[PDB]
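Given next, in structure tokens, is a single chain: the form deposited in one PDB entry.
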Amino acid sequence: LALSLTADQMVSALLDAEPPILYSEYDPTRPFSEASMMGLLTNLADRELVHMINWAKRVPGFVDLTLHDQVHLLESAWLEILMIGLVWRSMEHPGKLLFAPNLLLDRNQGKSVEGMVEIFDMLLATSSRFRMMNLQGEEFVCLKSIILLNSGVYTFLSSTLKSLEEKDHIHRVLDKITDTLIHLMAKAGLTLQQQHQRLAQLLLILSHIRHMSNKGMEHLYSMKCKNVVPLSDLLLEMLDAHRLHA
């Protein structure tokens, strides 16, 4: 089970889970002014979401949950997960956001859609903070897994027995990931004092990621989607997989 993993096994499993880096799909022989920025981002987000499900399935402990709870966690966290990936990808590109290898964007190109230069600035600032902390790949994957498990864990509908057991499992997995982060820092030579301080610094950045996600969602809710099937239904279909292709 998830709960019996060692730290090294946890880090291995998260590293092995990582999604691919996708490309934005645009005709590179076309004038950039012809492209809808929000169209490009929307299309990339949609493609990434499929791969996010696959990742989430390989995060230790996630598939032990109910499909309803898997959906709730992802519905809560999907923008935060996208954002932390972006910030990670952008760390070695000061002043820009690497949305994809062919879509590296600066502040000014943020000014296309209204509201978004604000968000862009907040993401660049986060990438800068990670650069300054020298965030490691191994710490990044722990943090992105924390988002997935933590973001929606306070907003379950119920205190039924099953819901109680699900929450308890989530918290125990999160406790394992904290242990792993501390293990990594201890292994890198940090003092115990430095370990707890860094743990706090990293977890407090997750509050800023939540903030950024909320402000993004505030824009996305503001202008009607594609008379969509609800995101929760789309998630259920991707997650509610059959075993026929085994």
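Quick note: we count residues from 1 along the sequence shown, nothing fancier.
One more form of this protein should be noted, the form solved in complex with a partner chain, which is absent from this view; the next part is about it.
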item: Contact flag, residue 41 vs the partner chain in the entry with it bound, heavy atom cut 4.5 Å; value: no
item: Touches the partner chain in the entry with it bound: residue 83 (any heavy atom, 4.5 Å); value: no
item: Partner proximity in the entry with it bound: residue 97 to the partner chain, non-hydrogen atom cutoff 4.5 Å; value: no
item: Proximity of residue 105 to the partner chain in the entry with it bound, heavy atoms at 4.5 Å; value: no
